[PDB]
Amino acid sequence: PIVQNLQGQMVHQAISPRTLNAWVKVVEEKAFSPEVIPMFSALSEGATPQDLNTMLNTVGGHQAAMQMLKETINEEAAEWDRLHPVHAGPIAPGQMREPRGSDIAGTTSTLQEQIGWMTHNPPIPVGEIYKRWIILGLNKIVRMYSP
Amino acid sequence: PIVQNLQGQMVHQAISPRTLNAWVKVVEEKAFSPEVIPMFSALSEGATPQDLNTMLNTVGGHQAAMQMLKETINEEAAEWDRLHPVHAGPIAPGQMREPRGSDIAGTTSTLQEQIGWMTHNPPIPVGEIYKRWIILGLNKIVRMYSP
Amino acid sequence: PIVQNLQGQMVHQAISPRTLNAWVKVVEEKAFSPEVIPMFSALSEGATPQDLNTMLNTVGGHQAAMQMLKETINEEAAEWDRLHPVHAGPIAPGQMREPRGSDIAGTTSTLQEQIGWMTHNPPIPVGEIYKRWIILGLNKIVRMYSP
Amino acid sequence: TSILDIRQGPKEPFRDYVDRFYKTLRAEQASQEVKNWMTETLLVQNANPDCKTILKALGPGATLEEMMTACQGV
Amino acid sequence: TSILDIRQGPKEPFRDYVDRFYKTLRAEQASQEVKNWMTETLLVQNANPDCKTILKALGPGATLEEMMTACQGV
Amino acid sequence: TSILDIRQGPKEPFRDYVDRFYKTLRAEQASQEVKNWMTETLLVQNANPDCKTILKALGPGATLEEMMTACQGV
């Protein structure tokens, strides 16, 4: 995640193993139950896309759901690209590039790039955009997996 | 591993016992399952070759796989040496030596040497080169150990 | 152990209880298995002789092996004294004394003395000398305790 | 076990089968285009006659929530 | 137990035997060249007739995934 | 399970039923106004005759502690 250091700057720090394991354990115990979404939200505080793929990729089991989510993440990403067209002409030397759906999904962007966008002024909340897609896709799952 | 200190420099710090034990426990529980690879990747964040041999050497059980991996690590290392020939003439006093496959595997290099290469400017990502060999060799194993 | 403080000096800090207990638990679970040696090596990072006797003395069970090790430690120590004779004439006021096998085994030296040797410039690696004796004696045990 | 050996039982819920499919698909390392081909093809083909019948009625263009809710009573 | 005493059962899967071999090989401390010699030699020699037959057909140059998949039905 | 399928048993305490209702209501994502409509309507409607009778006597304007204490002996 990207956290604020004592000095008063935003720097990246790694997520903790008993945080990781707590994510694992939630999924083990409460599967598709709604409490998973606030839980997720708390444990995703200050998290990167990269950390969010890590969390999704480290799941075991419920592979039908994991595939449905993936496909929702790509749909929501396809929709990001649709709604926000690429911008006019070449990229400025003085500036950094606008993200695509795949940069938001973490796929085409690097960590330093993910830190550029979030730490820069104005900052862009690529975590929160992926977060809604995850929560939206979580609703899809919850609604389906209701019996 | 080699971590950033508060002062703002990269220094080596030892890996933690409940990190070690978490590596052990993953292997105990999920054996050759694919979730082992993201898991590995997270726990190998900022890790040295030396720490990576430590993790491989501390395995118990699955010795056929451990041998297949070793032999993959040496093949990938042999390939490093092939692709990257040694450089022209004697080594400069002002400079430090280029790595071989065995320095990447941690075998012929010392820790201070592993810290020289990674901390120096430009830095060389000898962890990430070994990491791909490990992940590649992990694919070999996963594919074989599928039933 | 002797660790580096934030200020940038080497100071002694005590070893942790869940480190201690992790040493205990390894021995409980994996007895004479080879994974014990890398495991030992990691948990002995930055350790003193004094801490190494603490670890050996805190064992329960496998007393035939514990005696074989002791006797290996004394043999290796006797050999240290043989190979390295005492030096010419009286000890200088400006200098500190050279170690013997028993100082390496921690027996005749005090902690402050163990910190003098390791922290001083040049430093002498009395941990690493005992460590080889432990690892050598571990090979003896492993080879015997193979069935 | 090979991906071709993944098939739906005569009493096995589709759901439990689809889970098995993307687990085994999870151990296939092929190009995405090939894996798309496997998805639309092999899944339905090794599906049981009762659900197979059901899935034929969904037509093409169908997505996983609709397939998964379509073969639920079967 | 000595490395020469490691042998494959008449009903024991090779796989379970190869695991035993690199565990015992893991407690041998010999030069790498000698341990290479042990690998190509002793493993096949104490392998059972049915798999032994199989392994003779792989020829030389063979690697562990191919040996391990070769004696799977045996 | 759908919210319409939530009903009170003939021997089931209302309390255990009301818990089931706001759990399933917890998995409905509808506008608050619709969920208010569901509250005043569906809860009583699928309540058992003995308690249903009781709840009719509370009249309208009633709140959950009073409903919950009202159908306690039933």
# chains A, B, ... in the order shown; residues from 1 in each chain; ligands from 1
call {"tool": "closest_atom_pairs", "arguments": {"of": "chain A", "to": "chain D", "cutoff": "8 Å", "atoms": "only C-alpha atoms", "output": "CSV"}}
result
residue,atom,partner,partner_atom,distance
A:61,CA,D:23,CA,7.9
A:62,CA,D:19,CA,6.5
A:63,CA,D:19,CA,5.1
A:64,CA,D:19,CA,4.9
A:67,CA,D:22,CA,7.3
A:68,CA,D:64,CA,6.6
A:144,CA,D:65,CA,7.0
call {"tool": "write_last_selection", "arguments": {"atoms": "N, CA and C atoms", "output": "PDB file, in the first residue's frame"}}
result
ATOM      1  N   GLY A  61      -9.926 -22.131  -4.363  1.00  0.00           N
ATOM      2  CA  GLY A  61     -11.421 -22.333  -4.405  1.00  0.00           C
ATOM      3  C   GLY A  61     -12.321 -21.274  -5.088  1.00  0.00           C
ATOM      4  N   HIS A  62     -13.644 -21.549  -5.153  1.00  0.00           N
ATOM      5  CA  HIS A  62     -14.746 -20.711  -5.691  1.00  0.00           C
ATOM      6  C   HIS A  62     -14.330 -20.140  -7.007  1.00  0.00           C
ATOM      7  N   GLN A  63     -13.913 -20.982  -7.993  1.00  0.00           N
ATOM      8  CA  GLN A  63     -13.347 -20.591  -9.227  1.00  0.00           C
ATOM      9  C   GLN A  63     -14.335 -20.198 -10.202  1.00  0.00           C
ATOM     10  N   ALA A  64     -15.617 -20.597 -10.055  1.00  0.00           N
ATOM     11  CA  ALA A  64     -16.616 -20.074 -10.904  1.00  0.00           C
ATOM     12  C   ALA A  64     -16.860 -18.635 -10.674  1.00  0.00           C
ATOM     13  N   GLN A  67     -13.781 -16.528 -11.797  1.00  0.00           N
ATOM     14  CA  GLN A  67     -13.887 -16.214 -13.176  1.00  0.00           C
ATOM     15  C   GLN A  67     -14.957 -15.134 -13.444  1.00  0.00           C
ATOM     16  N   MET A  68     -16.172 -15.225 -12.851  1.00  0.00           N
ATOM     17  CA  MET A  68     -17.222 -14.187 -13.004  1.00  0.00           C
ATOM     18  C   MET A  68     -16.710 -12.837 -12.619  1.00  0.00           C
ATOM     19  N   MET A 144     -26.219 -13.683  -7.030  1.00  0.00           N
ATOM     20  CA  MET A 144     -26.225 -15.027  -7.570  1.00  0.00           C
ATOM     21  C   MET A 144     -26.137 -16.122  -6.540  1.00  0.00           C
TER      22      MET A 144
END
call {"tool": "select_by_dssp", "arguments": {"residues": "chain B", "states": "alpha helix (DSSP H)", "output": "PyMOL selection string"}}
result
chain B and resi 17-30+36-43+49-57+63-83+101-104+111-119+126-145
call {"tool": "write_last_selection", "arguments": {"atoms": "C-alpha atoms", "output": "short mmCIF file (atom, residue, chain, number, x, y, z; two decimals), in the first residue's frame"}}
result
data_model
loop_
_atom_site.label_atom_id
_atom_site.label_comp_id
_atom_site.auth_asym_id
_atom_site.auth_seq_id
_atom_site.Cartn_x
_atom_site.Cartn_y
_atom_site.Cartn_z
CA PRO B 17 10.81 -16.46 11.95
CA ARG B 18 6.97 -16.22 11.55
CA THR B 19 7.70 -15.24 7.89
CA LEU B 20 9.93 -18.36 7.66
CA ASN B 21 7.29 -20.51 9.31
CA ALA B 22 4.56 -19.02 7.07
CA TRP B 23 6.69 -20.19 4.09
CA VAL B 24 6.95 -23.59 5.67
CA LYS B 25 3.23 -23.83 6.43
CA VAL B 26 2.18 -22.84 2.84
CA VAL B 27 4.26 -25.71 1.49
CA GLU B 28 2.92 -28.08 4.08
CA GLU B 29 -0.68 -27.23 3.34
CA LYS B 30 -0.98 -26.45 -0.38
CA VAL B 36 1.79 -21.17 -3.97
CA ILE B 37 3.25 -18.88 -6.78
CA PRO B 38 1.59 -15.46 -5.84
CA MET B 39 2.18 -16.48 -2.23
CA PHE B 40 5.89 -17.04 -2.91
CA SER B 41 6.03 -13.79 -4.86
CA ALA B 42 4.64 -11.72 -1.95
CA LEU B 43 6.93 -13.40 0.64
CA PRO B 49 19.43 -14.97 -3.69
CA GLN B 50 20.88 -16.01 -0.47
CA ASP B 51 17.40 -15.79 1.12
CA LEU B 52 15.87 -17.62 -1.84
CA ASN B 53 18.42 -20.59 -1.37
CA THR B 54 17.51 -20.53 2.33
CA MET B 55 13.79 -20.90 1.49
CA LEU B 56 14.54 -23.79 -1.05
CA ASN B 57 17.00 -25.53 1.25
CA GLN B 63 12.30 -34.32 -3.14
CA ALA B 64 11.61 -35.35 -6.63
CA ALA B 65 10.22 -31.88 -7.29
CA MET B 66 13.03 -30.24 -5.33
CA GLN B 67 15.55 -32.01 -7.51
CA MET B 68 13.59 -31.03 -10.74
CA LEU B 69 13.68 -27.43 -9.59
CA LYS B 70 17.41 -27.50 -8.85
CA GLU B 71 18.14 -28.86 -12.24
CA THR B 72 15.84 -26.10 -13.80
CA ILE B 73 17.68 -23.45 -11.72
CA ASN B 74 21.09 -24.75 -13.12
CA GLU B 75 19.62 -24.94 -16.66
CA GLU B 76 18.33 -21.40 -16.47
CA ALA B 77 21.70 -20.34 -14.90
CA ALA B 78 23.66 -22.19 -17.78
CA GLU B 79 21.45 -20.25 -20.15
CA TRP B 80 22.35 -16.98 -18.33
CA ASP B 81 26.00 -17.62 -18.92
CA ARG B 82 25.45 -18.59 -22.53
CA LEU B 83 23.36 -15.45 -23.42
CA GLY B 101 24.42 -17.62 -13.50
CA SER B 102 25.95 -18.89 -10.26
CA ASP B 103 26.14 -15.32 -8.75
CA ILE B 104 22.39 -15.05 -9.58
CA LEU B 111 25.94 -11.10 0.57
CA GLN B 112 27.87 -7.92 0.43
CA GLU B 113 28.35 -8.60 -3.24
CA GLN B 114 24.55 -9.23 -3.63
CA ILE B 115 23.91 -5.88 -1.80
CA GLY B 116 26.57 -4.11 -4.11
CA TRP B 117 24.73 -5.03 -7.31
CA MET B 118 21.17 -4.26 -6.08
CA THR B 119 22.02 -1.00 -4.13
CA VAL B 126 19.38 -10.51 -9.85
CA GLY B 127 16.38 -11.38 -7.49
CA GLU B 128 13.96 -10.85 -10.34
CA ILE B 129 16.06 -13.03 -12.71
CA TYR B 130 16.19 -15.86 -10.17
CA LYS B 131 12.46 -15.22 -9.44
CA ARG B 132 11.49 -15.89 -13.09
CA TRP B 133 13.58 -19.15 -13.02
CA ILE B 134 11.72 -20.14 -9.84
CA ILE B 135 8.37 -19.21 -11.32
CA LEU B 136 9.25 -21.00 -14.63
CA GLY B 137 10.37 -24.06 -12.72
CA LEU B 138 7.17 -23.72 -10.64
CA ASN B 139 5.13 -23.93 -13.89
CA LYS B 140 7.08 -27.12 -14.82
CA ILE B 141 6.21 -28.64 -11.51
CA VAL B 142 2.54 -27.50 -11.45
CA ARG B 143 2.08 -28.93 -15.03
CA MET B 144 3.67 -32.22 -14.12
CA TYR B 145 1.96 -32.54 -10.79
#
call {"tool": "atom_distance", "arguments": {"atom1": "atom CA of residue E:58", "atom2": "atom CA of residue E:5"}}
result
24.8 Å
call {"tool": "calpha_fit_and_write", "arguments": {"fixed": "chain F", "moving": "chain E", "output": "mmCIF file with N, CA and C atoms, in the first residue's frame"}}
result
data_model
loop_
_atom_site.group_PDB
_atom_site.id
_atom_site.type_symbol
_atom_site.label_atom_id
_atom_site.label_comp_id
_atom_site.auth_asym_id
_atom_site.auth_seq_id
_atom_site.Cartn_x
_atom_site.Cartn_y
_atom_site.Cartn_z
ATOM 1 N N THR E 1 -31.933 -17.772 -1.966
ATOM 2 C CA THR E 1 -33.306 -17.743 -1.612
ATOM 3 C C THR E 1 -33.846 -16.349 -1.763
ATOM 4 N N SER E 2 -35.062 -16.218 -2.355
ATOM 5 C CA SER E 2 -35.735 -14.944 -2.562
ATOM 6 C C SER E 2 -36.481 -14.438 -1.286
ATOM 7 N N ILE E 3 -36.703 -13.102 -1.150
ATOM 8 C CA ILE E 3 -37.325 -12.473 0.021
ATOM 9 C C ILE E 3 -38.816 -12.913 0.235
ATOM 10 N N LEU E 4 -39.489 -13.213 -0.882
ATOM 11 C CA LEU E 4 -40.872 -13.731 -0.935
ATOM 12 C C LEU E 4 -40.912 -15.105 -0.394
ATOM 13 N N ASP E 5 -39.754 -15.825 -0.411
ATOM 14 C CA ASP E 5 -39.757 -17.214 0.093
ATOM 15 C C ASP E 5 -39.556 -17.272 1.633
ATOM 16 N N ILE E 6 -39.277 -16.115 2.226
ATOM 17 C CA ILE E 6 -39.087 -15.989 3.698
ATOM 18 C C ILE E 6 -40.478 -15.945 4.269
ATOM 19 N N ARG E 7 -40.777 -16.980 5.177
ATOM 20 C CA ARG E 7 -42.054 -17.155 5.884
ATOM 21 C C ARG E 7 -41.832 -17.776 7.305
ATOM 22 N N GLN E 8 -42.786 -17.491 8.231
ATOM 23 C CA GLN E 8 -42.721 -17.959 9.557
ATOM 24 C C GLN E 8 -43.386 -19.315 9.699
ATOM 25 N N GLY E 9 -42.663 -20.233 10.376
ATOM 26 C CA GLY E 9 -43.175 -21.553 10.634
ATOM 27 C C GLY E 9 -44.405 -21.598 11.471
ATOM 28 N N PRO E 10 -45.059 -22.718 11.624
ATOM 29 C CA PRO E 10 -46.233 -22.765 12.495
ATOM 30 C C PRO E 10 -45.740 -22.826 13.957
ATOM 31 N N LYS E 11 -44.525 -23.317 14.284
ATOM 32 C CA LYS E 11 -44.035 -23.414 15.683
ATOM 33 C C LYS E 11 -42.836 -22.490 15.936
ATOM 34 N N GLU E 12 -42.375 -21.762 14.815
ATOM 35 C CA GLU E 12 -41.180 -20.967 14.825
ATOM 36 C C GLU E 12 -41.353 -19.658 15.534
ATOM 37 N N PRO E 13 -40.620 -19.263 16.524
ATOM 38 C CA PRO E 13 -40.767 -17.958 17.089
ATOM 39 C C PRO E 13 -40.518 -16.875 16.101
ATOM 40 N N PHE E 14 -41.397 -15.839 16.138
ATOM 41 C CA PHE E 14 -41.350 -14.653 15.333
ATOM 42 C C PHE E 14 -40.030 -14.041 15.259
ATOM 43 N N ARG E 15 -39.449 -13.943 16.453
ATOM 44 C CA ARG E 15 -38.063 -13.491 16.667
ATOM 45 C C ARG E 15 -37.057 -14.182 15.699
ATOM 46 N N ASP E 16 -37.152 -15.502 15.496
ATOM 47 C CA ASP E 16 -36.202 -16.190 14.713
ATOM 48 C C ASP E 16 -36.398 -15.880 13.151
ATOM 49 N N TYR E 17 -37.655 -15.720 12.864
ATOM 50 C CA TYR E 17 -38.181 -15.162 11.625
ATOM 51 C C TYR E 17 -37.861 -13.703 11.260
ATOM 52 N N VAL E 18 -37.897 -12.823 12.215
ATOM 53 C CA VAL E 18 -37.503 -11.461 11.997
ATOM 54 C C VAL E 18 -35.996 -11.275 11.710
ATOM 55 N N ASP E 19 -35.225 -12.098 12.396
ATOM 56 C CA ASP E 19 -33.785 -12.247 12.109
ATOM 57 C C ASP E 19 -33.485 -12.693 10.726
ATOM 58 N N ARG E 20 -34.239 -13.750 10.291
ATOM 59 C CA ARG E 20 -34.155 -14.203 8.870
ATOM 60 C C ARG E 20 -34.536 -13.164 7.855
ATOM 61 N N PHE E 21 -35.562 -12.372 8.182
ATOM 62 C CA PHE E 21 -36.045 -11.286 7.339
ATOM 63 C C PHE E 21 -35.050 -10.210 7.137
ATOM 64 N N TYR E 22 -34.470 -9.618 8.185
ATOM 65 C CA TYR E 22 -33.479 -8.553 7.964
ATOM 66 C C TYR E 22 -32.099 -9.016 7.496
ATOM 67 N N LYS E 23 -31.792 -10.329 7.596
ATOM 68 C CA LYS E 23 -30.668 -10.957 6.903
ATOM 69 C C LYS E 23 -30.837 -11.008 5.365
ATOM 70 N N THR E 24 -32.008 -11.534 4.938
ATOM 71 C CA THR E 24 -32.376 -11.504 3.500
ATOM 72 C C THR E 24 -32.588 -10.127 2.910
ATOM 73 N N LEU E 25 -33.233 -9.201 3.691
ATOM 74 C CA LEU E 25 -33.405 -7.762 3.449
ATOM 75 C C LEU E 25 -31.996 -7.128 3.357
ATOM 76 N N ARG E 26 -31.071 -7.605 4.228
ATOM 77 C CA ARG E 26 -29.633 -7.207 4.180
ATOM 78 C C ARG E 26 -29.016 -7.555 2.804
ATOM 79 N N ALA E 27 -29.445 -8.650 2.080
ATOM 80 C CA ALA E 27 -29.004 -9.010 0.669
ATOM 81 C C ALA E 27 -29.848 -8.450 -0.406
ATOM 82 N N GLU E 28 -30.878 -7.627 -0.084
ATOM 83 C CA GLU E 28 -31.580 -6.898 -1.090
ATOM 84 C C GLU E 28 -30.884 -5.517 -1.180
ATOM 85 N N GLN E 29 -30.735 -5.053 -2.409
ATOM 86 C CA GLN E 29 -30.059 -3.804 -2.686
ATOM 87 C C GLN E 29 -31.041 -2.677 -3.107
ATOM 88 N N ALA E 30 -32.392 -2.877 -3.248
ATOM 89 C CA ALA E 30 -33.467 -1.835 -3.569
ATOM 90 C C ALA E 30 -33.497 -0.510 -2.825
ATOM 91 N N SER E 31 -34.097 0.554 -3.427
ATOM 92 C CA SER E 31 -34.294 1.858 -2.824
ATOM 93 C C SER E 31 -34.983 1.713 -1.443
ATOM 94 N N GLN E 32 -34.709 2.650 -0.542
ATOM 95 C CA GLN E 32 -35.036 2.587 0.888
ATOM 96 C C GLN E 32 -36.547 2.528 1.117
ATOM 97 N N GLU E 33 -37.287 3.271 0.269
ATOM 98 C CA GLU E 33 -38.723 3.492 0.141
ATOM 99 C C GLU E 33 -39.373 2.150 -0.197
ATOM 100 N N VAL E 34 -38.752 1.390 -1.132
ATOM 101 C CA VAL E 34 -39.189 0.052 -1.443
ATOM 102 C C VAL E 34 -38.962 -0.996 -0.328
ATOM 103 N N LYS E 35 -37.770 -0.840 0.267
ATOM 104 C CA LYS E 35 -37.445 -1.622 1.424
ATOM 105 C C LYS E 35 -38.316 -1.326 2.659
ATOM 106 N N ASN E 36 -38.778 -0.044 2.859
ATOM 107 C CA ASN E 36 -39.832 0.357 3.832
ATOM 108 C C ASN E 36 -41.186 -0.280 3.592
ATOM 109 N N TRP E 37 -41.548 -0.344 2.295
ATOM 110 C CA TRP E 37 -42.742 -1.013 1.792
ATOM 111 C C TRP E 37 -42.696 -2.509 2.087
ATOM 112 N N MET E 38 -41.555 -3.163 1.881
ATOM 113 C CA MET E 38 -41.320 -4.526 2.207
ATOM 114 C C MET E 38 -41.409 -4.834 3.659
ATOM 115 N N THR E 39 -40.864 -3.981 4.469
ATOM 116 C CA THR E 39 -40.953 -4.039 5.931
ATOM 117 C C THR E 39 -42.342 -4.050 6.456
ATOM 118 N N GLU E 40 -43.152 -3.033 6.161
ATOM 119 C CA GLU E 40 -44.512 -3.014 6.667
ATOM 120 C C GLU E 40 -45.423 -4.044 6.069
ATOM 121 N N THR E 41 -45.087 -4.547 4.920
ATOM 122 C CA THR E 41 -45.977 -5.434 4.197
ATOM 123 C C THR E 41 -45.670 -6.836 4.357
ATOM 124 N N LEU E 42 -44.465 -7.296 3.926
ATOM 125 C CA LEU E 42 -44.210 -8.707 3.682
ATOM 126 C C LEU E 42 -44.031 -9.442 4.981
ATOM 127 N N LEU E 43 -43.367 -8.813 5.965
ATOM 128 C CA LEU E 43 -43.122 -9.313 7.302
ATOM 129 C C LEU E 43 -44.436 -9.853 7.976
ATOM 130 N N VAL E 44 -45.522 -9.006 8.031
ATOM 131 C CA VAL E 44 -46.699 -9.423 8.604
ATOM 132 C C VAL E 44 -47.461 -10.443 7.893
ATOM 133 N N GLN E 45 -47.516 -10.314 6.559
ATOM 134 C CA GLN E 45 -48.125 -11.205 5.598
ATOM 135 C C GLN E 45 -47.563 -12.615 5.722
ATOM 136 N N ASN E 46 -46.249 -12.835 5.875
ATOM 137 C CA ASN E 46 -45.784 -14.195 5.958
ATOM 138 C C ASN E 46 -45.587 -14.691 7.311
ATOM 139 N N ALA E 47 -46.121 -13.897 8.353
ATOM 140 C CA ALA E 47 -46.078 -14.214 9.709
ATOM 141 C C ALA E 47 -47.141 -15.328 9.946
ATOM 142 N N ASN E 48 -47.035 -16.251 10.938
ATOM 143 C CA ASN E 48 -47.993 -17.311 11.183
ATOM 144 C C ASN E 48 -49.343 -16.787 11.710
ATOM 145 N N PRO E 49 -50.486 -17.521 11.535
ATOM 146 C CA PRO E 49 -51.855 -17.082 11.905
ATOM 147 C C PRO E 49 -51.810 -16.650 13.375
ATOM 148 N N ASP E 50 -51.238 -17.348 14.325
ATOM 149 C CA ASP E 50 -51.382 -17.001 15.721
ATOM 150 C C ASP E 50 -50.782 -15.651 16.010
ATOM 151 N N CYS E 51 -49.550 -15.397 15.563
ATOM 152 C CA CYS E 51 -48.939 -14.069 15.645
ATOM 153 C C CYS E 51 -49.464 -13.018 14.778
ATOM 154 N N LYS E 52 -49.887 -13.414 13.586
ATOM 155 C CA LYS E 52 -50.548 -12.559 12.637
ATOM 156 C C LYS E 52 -51.758 -11.896 13.233
ATOM 157 N N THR E 53 -52.560 -12.678 13.921
ATOM 158 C CA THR E 53 -53.702 -12.247 14.700
ATOM 159 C C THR E 53 -53.268 -11.139 15.702
ATOM 160 N N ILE E 54 -52.166 -11.426 16.483
ATOM 161 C CA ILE E 54 -51.574 -10.564 17.501
ATOM 162 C C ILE E 54 -51.163 -9.172 16.906
ATOM 163 N N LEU E 55 -50.493 -9.210 15.747
ATOM 164 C CA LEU E 55 -49.959 -8.098 15.078
ATOM 165 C C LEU E 55 -51.051 -7.254 14.499
ATOM 166 N N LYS E 56 -52.156 -7.878 14.040
ATOM 167 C CA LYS E 56 -53.260 -7.097 13.588
ATOM 168 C C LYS E 56 -53.774 -6.182 14.748
ATOM 169 N N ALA E 57 -53.734 -6.660 16.037
ATOM 170 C CA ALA E 57 -54.227 -5.915 17.225
ATOM 171 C C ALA E 57 -53.258 -4.774 17.567
ATOM 172 N N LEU E 58 -51.946 -4.838 17.220
ATOM 173 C CA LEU E 58 -51.100 -3.701 17.508
ATOM 174 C C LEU E 58 -51.488 -2.417 16.714
ATOM 175 N N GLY E 59 -52.246 -2.560 15.609
ATOM 176 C CA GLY E 59 -52.532 -1.496 14.647
ATOM 177 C C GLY E 59 -51.319 -1.011 13.899
ATOM 178 N N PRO E 60 -51.355 0.141 13.210
ATOM 179 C CA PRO E 60 -50.287 0.654 12.450
ATOM 180 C C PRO E 60 -49.500 1.542 13.394
ATOM 181 N N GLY E 61 -48.332 2.083 12.937
ATOM 182 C CA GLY E 61 -47.519 2.911 13.748
ATOM 183 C C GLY E 61 -46.668 2.147 14.671
ATOM 184 N N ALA E 62 -46.718 0.840 14.718
ATOM 185 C CA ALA E 62 -45.989 -0.020 15.663
ATOM 186 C C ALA E 62 -44.453 -0.148 15.412
ATOM 187 N N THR E 63 -43.595 -0.247 16.418
ATOM 188 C CA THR E 63 -42.176 -0.408 16.193
ATOM 189 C C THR E 63 -41.641 -1.768 16.637
ATOM 190 N N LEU E 64 -40.433 -2.079 16.207
ATOM 191 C CA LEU E 64 -39.951 -3.473 16.334
ATOM 192 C C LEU E 64 -39.875 -4.046 17.745
ATOM 193 N N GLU E 65 -39.418 -3.360 18.746
ATOM 194 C CA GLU E 65 -39.470 -3.801 20.145
ATOM 195 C C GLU E 65 -40.892 -4.133 20.572
ATOM 196 N N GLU E 66 -41.915 -3.339 20.289
ATOM 197 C CA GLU E 66 -43.282 -3.636 20.565
ATOM 198 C C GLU E 66 -43.758 -4.801 19.744
ATOM 199 N N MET E 67 -43.410 -5.014 18.480
ATOM 200 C CA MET E 67 -43.836 -6.225 17.766
ATOM 201 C C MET E 67 -43.167 -7.417 18.373
ATOM 202 N N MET E 68 -41.908 -7.311 18.674
ATOM 203 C CA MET E 68 -41.109 -8.414 19.156
ATOM 204 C C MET E 68 -41.543 -8.839 20.519
ATOM 205 N N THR E 69 -41.763 -7.923 21.435
ATOM 206 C CA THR E 69 -42.472 -8.263 22.736
ATOM 207 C C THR E 69 -43.933 -8.661 22.581
ATOM 208 N N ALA E 70 -44.663 -8.181 21.488
ATOM 209 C CA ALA E 70 -46.015 -8.590 21.342
ATOM 210 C C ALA E 70 -46.170 -10.085 20.981
ATOM 211 N N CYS E 71 -45.384 -10.620 20.078
ATOM 212 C CA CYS E 71 -45.527 -12.018 19.730
ATOM 213 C C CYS E 71 -44.667 -13.015 20.466
ATOM 214 N N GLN E 72 -44.153 -12.663 21.633
ATOM 215 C CA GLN E 72 -43.304 -13.543 22.482
ATOM 216 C C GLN E 72 -43.889 -14.813 23.031
ATOM 217 N N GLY E 73 -45.138 -14.883 23.433
ATOM 218 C CA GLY E 73 -45.702 -16.126 23.959
ATOM 219 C C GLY E 73 -46.163 -17.120 22.936
ATOM 220 N N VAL E 74 -46.348 -16.658 21.683
ATOM 221 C CA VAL E 74 -46.798 -17.402 20.578
ATOM 222 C C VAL E 74 -45.841 -18.474 20.000
#
call {"tool": "atom_distance", "arguments": {"atom1": "atom CA of residue C:90", "atom2": "atom CA of residue C:120"}}
result
20.3 Å
call {"tool": "atom_distance", "arguments": {"atom1": "atom CA of residue B:124", "atom2": "atom CA of residue A:14"}}
result
21.1 Å
call {"tool": "select_by_dssp", "arguments": {"residues": "stretch 3-128 of chain A", "states": "strand (DSSP E or B)", "output": "VMD selection string"}}
result
chain A and resid 3 to 4 10 to 12
call {"tool": "closest_residue", "arguments": {"among": "B:95, B:9, B:33, B:109", "to": "chain A", "atoms": "only C-alpha atoms"}}
result
B:33
